[PDB]
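See structure below.
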RNA sequence: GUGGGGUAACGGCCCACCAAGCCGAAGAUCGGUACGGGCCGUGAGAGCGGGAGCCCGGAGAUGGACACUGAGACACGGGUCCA
RNA sequence: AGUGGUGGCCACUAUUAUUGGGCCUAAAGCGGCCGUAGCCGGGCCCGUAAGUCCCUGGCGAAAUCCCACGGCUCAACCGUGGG
């Protein structure tokens, strides 16, 4: 049975781009998936992404630019404050400031870099590099 | 040679505290009596009302610090100052 | 285990409000009970021996105190463990030297020298209101002293109100109330040694004290416990406050 | 109706017990809590339960921990199982009783 | 030694072994068992902190009060009913809340003769 | 499948599993029940003072061939008797019958019998309070 | 609480490369023990640790400590007056070694050899600002090197001590 | 729980009655082990291990038991009893 | 002016695996299925705001630890100041 749309989606993206396809369709579409898809596209990892009204749960269509190396959803929603953030960068990224992470703060789903100056903690949701 | 920095008057005790430095480059450490007779000259104090406790010469240092006290009457030391620095200065046998 | 009260205090465990070399010696003088609390005051011997440096040894400080030269708020105190707390005025008339004990920004006590005109006024915060038989009202101050008034004038006093207290002959002088805009000096908390003016009074239920919002001279807004706020003037401080 | 200073309407009917905060002698001070009644078999006594999470350093997940509390239940409220109840610290009542119920927020039927 | 110490059992029935002895402050004292007599016998006891507790052991007089508020020093004939425990009433033992038979009639005692040293009651 | 449980509210099982399987470890079991500190004849003592009873030698394990000298020591502390290897060249002659001696573990694998000689656990250091190494070197004299 | 050693031993006593890299400096700088070299290595490592810690820190205390660190490094004469936090990572042991009292007093031409300078120092014959120090391991600041002269009470403050002319000729030579 | 006792003081701490409660598989009870903490050792750290050495809190005078006197004790250089 | 032997502890070890291990053939999936507690659970809207996050008041003693300065040649050690 399905348990988490997001991690399935990120694994879908990564596995589809290892072979290196062009258009990827994610079946279990939800709002949080779209809020996620905003972030890295704002960093230019993916091309266009859009929503298709299927009639059951909606589909998400994405074009892949061949930019991401690994994109995965950290499951156990670790809540992290601001000043200790570096302790997690060493756990999911290959180098100093390489790649990003996604946090669901009080103000919504959004990139980790933009949260440092916004000064907001929250729970880690996913990562990509 | 002895040169002063601190000359401070304690009027609750009516006593003068003198912190001074002795220049002794290359010669043995001066004794108590010598500096005792030295300070009293240009400070113009009564020798019996004047007492010295310590003169510390540091390692590898030619300038040594020293502290002396200068009272006014013969009973102030007998009352307030402890009994050692009269004997070490010879003021009490 | 322990069986009764103790008369000793290690130098290490001394209160953090004291400027004392902790590792100089093993032992320190135990403060006897007195006007203020342990966190608020210091033994007089440490004032004489360390802050003033008149006496190098404790024995001569004790001798001088026995001579009674030092006046504590206009009263000679020969004891060498007396606790001197906040806004107590220490006067030595032989030098004419008068100081007021005030908290540091770090939270330690320091001596602010003052002129002679300030040496006969002590501000006391009204810690509690009670009243005794004969319908005689009594006010317990923050420094552990007590004063008696009659029932008629009771509405002119409230807890936490400041009173300028002529300590030389025990005469009330003025009553500064606890109202918005009053000039206030902090005694404890992270905002210690601050002076500002009251803005808001945050009443708190469930045993939690009131919080007062104080704005500094430059307009910085902070908060502090009501007990920690000491009123010192209606609009401007009536005393020289660092 | 004598004030206790807690934001709640008193129980309607009054009780003659010397242990009712609204209608007795004992008073309310100290900590307050919210819990659920699970056992009320003995006389004028309740066993409220409170659920919460606990964090661990080594595994950084959560561990449910439970707290059972014995509060006195005066007749004016008459707590039953399935009810959400506000509890307050009191003076030592008995060997185990040290709390009292002061409000019923939702009845069992809710 | 009467020890008013910890219960030696846990609430869950678990046995507890005492990690420490009995301190002096935590011991109790003998029940008064105040009896009715033709005179008034009292004991003054030095207590914790140097205070004094007066304890009435024999009682011969009582303060019967009317609902209005007036008190009368009237004698005690016998005890009627002790709701606290039925053995006391037979033994002419007086405690708080007991019902006493006096010249006025029936009175309920609202005093602590083991601590107060006096007997005060309300006519019924 | 996936290593489990990974849940945010799974602390109890994630802890219990690890505690349980920490018993599958052997060194931790050896420590926490202290059975090293119950089977020991030396009762956790790197040294002990004993009396010698008789000198015995043992055959080296194959292919190593020779005669390894040693003695039998009953322990004055408690009374157990163990073998005690004697090092040094011709040192058996120096160690006599009924000698106060100081004995200490031989530092093999896990403290076992060192190298090519089996069974033994300990070696001698001082004989009648005199260090045996020098007596092998002949610098000192037995009292 | 028990006072701990201030220096770190090498992780392996018998690595050829590290052993010889030590030995070259021992012969060049002539220290009594490898303990001294290890102490100075640890002294460097403290600066390195502070630098790498501070470089990743965001806060007021971080910046304040950073400025204090830079200031005291410059005071020692290790760094230029316009150094930054990035160049400390390029520092070497020899930067510390040249600041040793023995090294500096030799580079003033006050001895014909490292060991001669060490002998003069340990025998209380070299003064700094009119004060005598008997520790060749001492590290000099950037505000005191000009005060490195012969001790006045020494016979070598006298310009015609027989070794003195040979010393000055070696300076010339 | 009701109503009482003794306590400096509330409390089954204790007493007379009334009723069947209380705890336990998320680990009761029983047993093993052990003064708790600030801290210390190691380690890049996650962490593992330890709590004697200095300070705070807890407790004990050979094992046990008990009073008096004192604001403060069941009292190391006060007292009484058994072994 | 240390240096060796031995015993206890951490690392070496990702041989305790949260970070971070394996279970076809090397120790290691129970013969199979059902099912309670527990754990993990579909999409959208509204509310609540317990967790979650930001700000702020009180509070976690001293001692130890990090850094600057100053004093004892320096150091260790001590104080002043910030953490």
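Chains as they are written, first to last, in full-length UniProt numbering: chain A, 2 to 130; chain B, 2 to 94; chain C, 2 to 243; chain D, 2 to 111; chain E, 2 to 125; chain F, 3 to 145; chain G, 5 to 177. Just so it is clear, CB atoms sit at the ideal spot from N, CA and C, and this is done for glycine as well.
First through last residue of the alpha helix (DSSP H) which encompasses residue i
i                     : result
residue 89 (chain E)  : 87-91
residue 33 (chain G)  : 20-33
residue 16 (chain A)  : 6-20
residue 67 (chain G)  : 64-79
residue 108 (chain G) : 105-111
residue 184 (chain C) : Looking at the DSSP string, residue 184 (chain C) is not in any alpha helix (DSSP H); the run it does join, the beta strand (DSSP E), is 184-187.
residue 138 (chain F) : 134-139
residue 30 (chain F)  : 29-34
residue 44 (chain G)  : 38-59
residue 42 (chain A)  : 32-43
Chain B contact for residue i (CB, 7 Å cutoff)
i                     : result
residue 117 (chain C) : no
residue 65 (chain C)  : yes
residue 153 (chain G) : no
residue 128 (chain G) : yes
residue 70 (chain C)  : yes
residue 97 (chain G)  : no
residue 218 (chain C) : no
For residue i, three-class secondary structure by DSSP
i                     : result
residue 88 (chain B)  : helix
residue 76 (chain A)  : coil
residue 65 (chain B)  : strand
residue 125 (chain A) : strand
residue 46 (chain E)  : strand
residue 100 (chain G) : helix
residue 116 (chain F) : coil
Cβ-based neighbour list, residue i, same chain, cut-off 6 Å, excluding 5 preceding and 5 following
i                     : result
residue 80 (chain A)  : 124
residue 55 (chain B)  : 68
residue 38 (chain A)  : 50
residue 198 (chain C) : 182, 184, 216
residue 230 (chain C) : 185, 213
Chain G within 7 Å of residue i, Cβ atoms only
i                    : result
residue 67 (chain B) : no
residue 26 (chain B) : yes
Delimiting residues of the beta strand (DSSP E) encompassing residue i
i                     : result
residue 104 (chain C) : 98-104
residue 17 (chain F)  : Premise fails: residue 17 (chain F) lies in the alpha helix (DSSP H), 13-23, not in any beta strand (DSSP E).
residue 88 (chain C)  : It is not in any beta strand (DSSP E) - residue 88 (chain C) carries neither H nor E in the DSSP assignment.
residue 217 (chain C) : 212-217
Proximity test, Cβ basis, 7 Å: residue i and chain C
i                   : result
residue 6 (chain D) : yes
heavy atom of the ligand MN below 6 Å from residue i C-beta
i                    : result
residue 61 (chain B) : The ligand MN is not part of this structure, which contains no ligands at all.
Any C-beta of chain A under 7 Å from that of residue i
i                    : result
residue 10 (chain F) : yes
Neighbour flag for residue i against chain D, beta carbons, 7 Å
i                     : result
residue 18 (chain F)  : no
residue 14 (chain F)  : yes
residue 210 (chain C) : no
Beta carbon proximity, residue i to chain F, threshold 7 Å
i                     : result
residue 77 (chain A)  : yes
residue 111 (chain D) : no
residue 62 (chain D)  : yes
residue 57 (chain D)  : yes
Beta-carbon contacts of residue i that lie in its chain and below 7 Å, excluding the five residues immediately before and after
i                    : result
residue 79 (chain E) : 37, 93, 102
residue 61 (chain B) : none
Chain-order list of residues whose beta-carbon lies under 8 Å from that of residue i (same chain, five-residue window excluded)
i                    : result
residue 29 (chain A) : 3, 6, 9, 10, 58
residue 30 (chain F) : 24
Problem - Any beta strand (DSSP E) of 3 or more consecutive residues that is wholly inside the segment 55-100 of chain D - result: 63-73, 85-90
Practice task
With a floor of 3 residues, list each beta strand (DSSP E) that falls wholly inside the segment 124-171 of chain G, ordered by position along the chain.
Solution key: 130-132, 152-154
Practice task
Report the residue ranges of all beta strand (DSSP E) runs contained in full by the segment 96-123 of chain E; include only those spanning at least 3 residues, in chain order.
Solution key: 100-103, 107-110
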